[PDB]
Amino acid sequence: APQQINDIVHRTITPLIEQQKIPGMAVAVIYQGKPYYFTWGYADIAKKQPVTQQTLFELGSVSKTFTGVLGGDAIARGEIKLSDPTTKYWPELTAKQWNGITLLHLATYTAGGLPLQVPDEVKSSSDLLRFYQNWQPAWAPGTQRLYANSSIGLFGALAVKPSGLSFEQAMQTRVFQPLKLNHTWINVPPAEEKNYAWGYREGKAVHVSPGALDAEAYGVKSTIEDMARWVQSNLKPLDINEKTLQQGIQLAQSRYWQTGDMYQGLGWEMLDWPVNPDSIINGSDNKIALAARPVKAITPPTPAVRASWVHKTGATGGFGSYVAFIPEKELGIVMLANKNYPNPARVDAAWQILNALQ
Ligand SMILES: O=C(O)c1ccc2c(c1)C(=O)N([C@H](Cc1cccc3ccccc13)C(=O)O)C2=O
């Protein structure tokens, strides 16, 4: 399997694993549309279980790409509109600060300062209502971007309401099943527990804890194979036979807002290709990525641009993931690890690999 891919991947990932003390890692390169897989180290150090192509990793915020596409699919189905008020789908949400906050704002972190995290103390449905009712925006809608689980988490929950399906049922039936992502889960079933890697934080084995709107913002677990197939599907949506899903994928990669050289999609973030590597690498740092930044509205949104670097970083306490692809070039990468190591190290590695193959 072509020596160039082997050498480029190994020369980049070996030092990375060494420098970052990553216990286990899986990488897929999609090259001319076909996947090539690489694995290192341990899914479970104590039980000596190796990382394989069937190992499940916590995607953390890479989950938002699925939420975005599921939202796009609901738009394509005519179930929701991004221009609709949040209150259309949550009538109990009567506080006046919600006037003018649309599903677009929720999906794209531009509601006006919804927090990074839903508070841990928010457990019940009543707690959730109270939280959003009592939330006071720092900014007018559609003026500042502040990356937030509480923002896209709510979008995900509201997007599926007209369907009558739970978020998990909607995701399963409308995204996972059609794309044959048969080892991708919001809740890992007992049958698949043997494949579920431990995450490692400060040397301790850890898994993500339950939280409000977790499924919607950070709750997906997947294998390197399914994630490669996810990249393939997002690289080439016209190959997808389910029409609403094909359209949903395209809607997720539309450009809604710009800040600096990045464009906000639904879950996905995009930059023009060719990229300045410094820009994506430094920009991935959560110093920049989690900062409040002014946005320029793209009125109307630009349809998915083929000459894009399309990507998403994501983490949990014990895992670090990165996905990136370039539609123009039929080129992509997935990097899954059971340590949460710094974003810029991920993106640097990804750049080196894809730039060498481009
Ligand atoms: O272990 C957990 O329970 C857990 C759950 C969700 C996220 C994380 C951990 C997590 O690190 N992230 C980040 C974003 C994030 C969310 C919430 C608080 C954060 C604090 C510092 C850095 C990133 C955070 C990501 O996906 O990159 C998450 O979105």
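Chain A uses Swiss-Prot numbers throughout; the residues present, in order, are 20-377.
If you're wondering, the header gives X-ray crystallography, 1.8 Å.
Each Cβ is built from the backbone N, Cα and C atoms, and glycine gets one as well.
Long-range Cβ contacts of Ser80 (beta-lactam binding site) within its own chain (separation 6+, distance under 8 Å): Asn168, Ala236, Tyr237, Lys331, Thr332, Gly333, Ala334. Annotation source Swiss-Prot lists beta-lactam binding site at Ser80, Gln136, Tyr166, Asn168, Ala334, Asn359.
In this structure, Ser80 (beta-lactam binding site) is part of a helix by DSSP. Residues annotated as active site, acyl-ester intermediate in Swiss-Prot: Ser80.
Proximity to ligand 1 (Cβ under 6 Å from any of its atoms) holds for these binding-site residues out of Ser80, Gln136, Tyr166, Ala334: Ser80, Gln136, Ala334.
For the recorded site, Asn168 (beta-lactam binding site), the DSSP three-state label reads helix.
When the Cα positions of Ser80, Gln136, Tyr166, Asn168, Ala334, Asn359 are compared pair by pair, the longest gap among these beta-lactam-binding residues is 18 Å.
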